[PDB]
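A quick write-up on the structure given underneath.
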Amino acid sequence: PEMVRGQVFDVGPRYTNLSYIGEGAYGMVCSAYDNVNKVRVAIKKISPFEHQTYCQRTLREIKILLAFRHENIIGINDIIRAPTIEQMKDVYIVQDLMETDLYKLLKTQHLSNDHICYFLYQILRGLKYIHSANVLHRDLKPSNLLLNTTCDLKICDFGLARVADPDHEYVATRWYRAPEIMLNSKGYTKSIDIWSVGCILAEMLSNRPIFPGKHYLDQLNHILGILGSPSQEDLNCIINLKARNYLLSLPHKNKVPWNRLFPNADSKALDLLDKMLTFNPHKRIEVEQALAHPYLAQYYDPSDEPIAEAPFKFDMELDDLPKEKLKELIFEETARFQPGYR
Amino acid sequence: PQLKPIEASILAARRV
Ligand SMILES: Nc1ncnc2c1ncn2[C@@H]1O[C@H](COP(=O)(O)OP(=O)(O)NP(=O)(O)O)[C@@H](O)[C@H]1O
Numbered sequence: 011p012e013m014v015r016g017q018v019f020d021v022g023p024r025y026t027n028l029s030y031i032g033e034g035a036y037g038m039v040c041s042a043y044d045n046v047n048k049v050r051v052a053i054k055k056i057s058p059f060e061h062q063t064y065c066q067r068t069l070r071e072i073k074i075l076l077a078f079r080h081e082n083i084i085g086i087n088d089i090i091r092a093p094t095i096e097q098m099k100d101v102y103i104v105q106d107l108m109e110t111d112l113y114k115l116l117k118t119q120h121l122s123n124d125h126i127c128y129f130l131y132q133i134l135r136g137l138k139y140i141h142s143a144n145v146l147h148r149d150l151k152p153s154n155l156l157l158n159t160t161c162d163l164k165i166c167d168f169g170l171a172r173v174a175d176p177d178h186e187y188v189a190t191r192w193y194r195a196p197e198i199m200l201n202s203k204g205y206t207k208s209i210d211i212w213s214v215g216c217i218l219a220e221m222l223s224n225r226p227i228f229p230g231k232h233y234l235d236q237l238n239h240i241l242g243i244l245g246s247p248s249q250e251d252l253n254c255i256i257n258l259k260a261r262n263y264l265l266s267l268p269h270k271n272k273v274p275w276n277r278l279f280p281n282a283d284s285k286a287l288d289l290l291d292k293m294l295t296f297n298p299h300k301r302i303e304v305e306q307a308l309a310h311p312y313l314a315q316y317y318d319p320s321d322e323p324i325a326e327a328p329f330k331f332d333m334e335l336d337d338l339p340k341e342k343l344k345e346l347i348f349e350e351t352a353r354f355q356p357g358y359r
Numbered sequence: 712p713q714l715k716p717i718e719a720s721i722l723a724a725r726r727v
């Protein structure tokens with residue numbers, strides 16, 4: 011088989027010419043050539059079987075991506091793994107090849123207001139479909155927005171996605194986490210994705226993350242430094258009046274108007290930004306509302322903005338199964354890409 | 712990395 015940076019990529023003979031693209035903790039991503047279909051694809055080797063959390067993440071991403079059909083959401087073209095459970099040590103997910111992501115792009119490229127507007131419409135368009143299935147993505151951030159030079163945007167990486175439930186784990190970055198998650202919320206509400214989207218928008222507008230905290234309390238300090246100290250009702254809407262004490266310990270800070278940051282931004286983008294980054298999740302703009310905001314009027318089209326057929330449902334609680342069970346589920350979930358499955 | 716116009720996208724295309 012082919013070896014990429016010292017690792018087996020056992021995807022032949024159908025897939026060949028693997029070129030390394032990128033890396034995460036238990037997964038590597040390569041470009042490749044599909045000789046059966048004669049297209050360039052992306053292949054993710056994922057080796058999650060050592061840890062429960064990775065297993066559960068992998069199963070969520072698989073089930074959701076196979077259940078969703080949307081222009082603005084990455085799909086899964088094929089999945090390769092061994093023919094017995096004992097041999098299965100890795101899983102390869104074949105996806106459409108995208109050219110870059112928003113994170114890698116913003117590194118080297120000032121966006122124009124036109125691109126910003128159109129990228130945001132695309133995110134929210136994908137998100138509408140997501141939320142309409144009653145799914146929360148929960149990890150929206152630039153590195154999860156895949157793009158082409160044609161300016162198509164696809165949302166990827168649903169390892170932390172769940173079914174919304176107000177109200178009867187965690188993450189690389191807190192940078193795009195809604196304030197309520199540090200306070201009183203499990204992030205089981207659709208408002209958390211909206212906050213992430215606002216964070217993303219702010220980052221396209223200025224090429225830098227708006228709230229780059231280094232740890233839990235610092236993340237809050239960044240957020241409040243812009244949004245200003247919260248109102249007593251935004252307070253004690255709390256499910257926790259004992260981290261609220263911590264809030265009280267902080268000096269009052271004023272709301273730094275959005276035109277002082279982002280002085281050149283379009284007034285309508287800034288206005289939509291204000292509505293997406295509101296401290297109170299209940300006062301926070303929803304996906305349909307945001308799509309309908311005047312900033313996105315040119316692209317706004319309910320008739321060409323698809324909605325899920327039904328709510329998604331897991332059927333088993335994944336968080337709570339041992340990795341052995343989860344491995345077995347992963348095996349049965351991928352059997353449909355095996356030759357001779359019935 | 713350098714972006715072509717919006718008008719390239721097929722989604723954007725069905726906006727005309
Ligand atoms: N289908 C794809 N087409 C092109 N690039 C992709 C694709 N899927 C993932 N990537 C890229 O692969 C790299 C990271 O993949 P990934 O394994 O998901 O990283 P991670 O640590 O798992 N998730 P993230 O924190 O969002 O980077 C990035 O450079 C992405 O741009």
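Going down the list, the sequences are from chains A and B. Residue numbers 11 to 178, 186 to 359, in PDB author numbering, belong to the letters of the first sequence in order. Residue numbers 712 to 727, in PDB author numbering, belong to the letters of the second sequence in order. Beta carbons: idealized from backbone N, C-alpha and C, even for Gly.
Closer than 7 angstroms at the C-beta level to chain B, one finds these residues of the segment 99-131 of chain A: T110, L115, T118, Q119, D124, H125 and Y128. For the segment 193-264 of chain A, not one full-length beta strand (DSSP E) segment reaches 3 residues or more. According to DSSP, residue pairing for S266 of chain A in a beta bridge does not occur. Here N82 of chain A is buried, its C-beta having at least 16 other C-beta atoms within 10 Å. Considering only beta carbons, the part of the segment 155-176 of chain A lying closer than 7 angstroms to chain B consists of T159, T160, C161 and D162, in chain order. For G37 of chain A, the number of other beta carbons within 10 angstroms of its own is at least 16, and it is reported as buried.
Boundaries around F19 of chain A are those of the beta strand (DSSP E), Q17 to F19, since no alpha helix (DSSP H) includes it.
If you draw a straight line from the Cα of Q306 of chain A to the Cα of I198 of chain A, it comes to about 23 angstroms.
The beta carbon of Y139 of chain A sits no closer than 8 angstroms to any beta carbon of chain B. For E71 of chain A, there is no enclosing beta strand (DSSP E); the residue is found in the alpha helix (DSSP H) stretching over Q62 to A77.
With respect to the 8 angstroms criterion, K270 of chain A and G245 of chain A are classified as neighbours on the basis of their beta carbons. With contacts defined by Cβ atoms closer than 8 angstroms, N297 of chain A and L287 of chain A do not form a contacting pair.
Here DSSP, grouped into helix, strand and coil, assigns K272 of chain A to coil. In the displayed model, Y43 of chain A falls within a strand according to three-state DSSP.
For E220 of chain A, no Cβ of chain B is located within less than 8 angstroms of the residue's own Cβ. The three-state reading of DSSP puts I347 of chain A in helix, counting H, G and I together. For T118 of chain A, the uninterrupted alpha helix (DSSP H) run begins and ends at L112 to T118, by DSSP. When distances are taken from the beta-carbon of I84 of chain A to the heavy atoms of ligand 1, the shortest one is below 7 angstroms.
In this structure, the alpha-carbon of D332 of chain A lies about 14 angstroms from that of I347 of chain A.
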